[PDB]
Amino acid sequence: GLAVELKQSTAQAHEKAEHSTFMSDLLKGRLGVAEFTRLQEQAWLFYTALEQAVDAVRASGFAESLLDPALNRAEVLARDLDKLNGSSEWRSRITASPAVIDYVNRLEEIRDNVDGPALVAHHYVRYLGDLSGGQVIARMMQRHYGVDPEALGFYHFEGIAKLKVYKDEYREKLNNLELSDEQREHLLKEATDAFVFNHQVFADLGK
């Protein structure tokens, strides 16, 4: 079904995105809180755009059961950022890196065209990653860098009690999403793009 084809179709881009030097170094303990905070500030910019697209697409009636509002991260993340930066200073300091500009552009175009298939692609890439690789990131930020889990609420999802069950039901919903052949090709194309966008975000972080 789609969940499987989705994983297989994105496999190359996904592996490339996972093995970014910046993300590899962050997770193995070679960086620090500062780099983690820079990541989270860029994430706040793109999650903000992502969830506007998600809100438009859910409102349109497409893929409603996938687009669980419990996954919303922008608000939790800003609080994480207030804690990492010691204040709301970051709101008027931060600016999208070149890669983040391109990624936000796509998420805004998706929102504007109310592109359901495209949005689901981007939703799977970010949220399924959060519920899997993100959990490793949270554990490591605390272990390697001594980050207080109070500044790691981003990785904690309220009223999601069991991650494995959640991820299995997500993929079942994907498998049951009604899509034309063109919509399904579009979803697959966009999912590859989503991994590449994230890889470029990591690449800019490393520069």
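Counting begins at 1, following the sequence as shown. C-alpha atoms forming the largest set that superposes within 1.5 Å between two forms make up the rigid core.
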Completion exercise
Should one compare 156-164 and 59-67 by root mean square Cα distance from the shown form in 5 other deposited structures of this protein, core superposed, the larger belongs to 156-164
Exercise for the section: Find the stretch among 20-28 and 6-14 with the larger RMS C-alpha deviation in 5 other deposited structures of this protein, all structures being superposed on the shown form by the rigid core. Expected result: 6-14
Completion exercise
Assert higher mean C-alpha B factor (67-75 or 90-98, deposited values) equals 90-98
Practice task
Look over 55-63 and 169-177 in the entry and identify the one with the greater average Cα temperature factor.
Solution key: 169-177
Exercise for the section: By the entry's C-alpha temperature factors, tell me which of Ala43, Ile160, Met140, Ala34 sits highest. Expected result: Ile160
Practice task
Determine, from the deposited record, the chain-internal third of the Cα B-factor for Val196: lowest, middle or highest.
Solution key: middle
Practice task
Using the B-factor values recorded in the entry, state whether the Cα atom of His19 falls in the lowest, middle or highest third among the modelled residues of its chain.
Solution key: highest
Practice task
Quick one: classify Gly29 as lowest, middle or highest third of the chain based on its Cα B-factor.
Solution key: middle
Fill in the blank from the handout: Of the three thirds of the chain ranked by Cα temperature factor, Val136 occupies the middle
Completion exercise
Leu84: C-alpha B-factor third of its chain, per the entry, is the highest
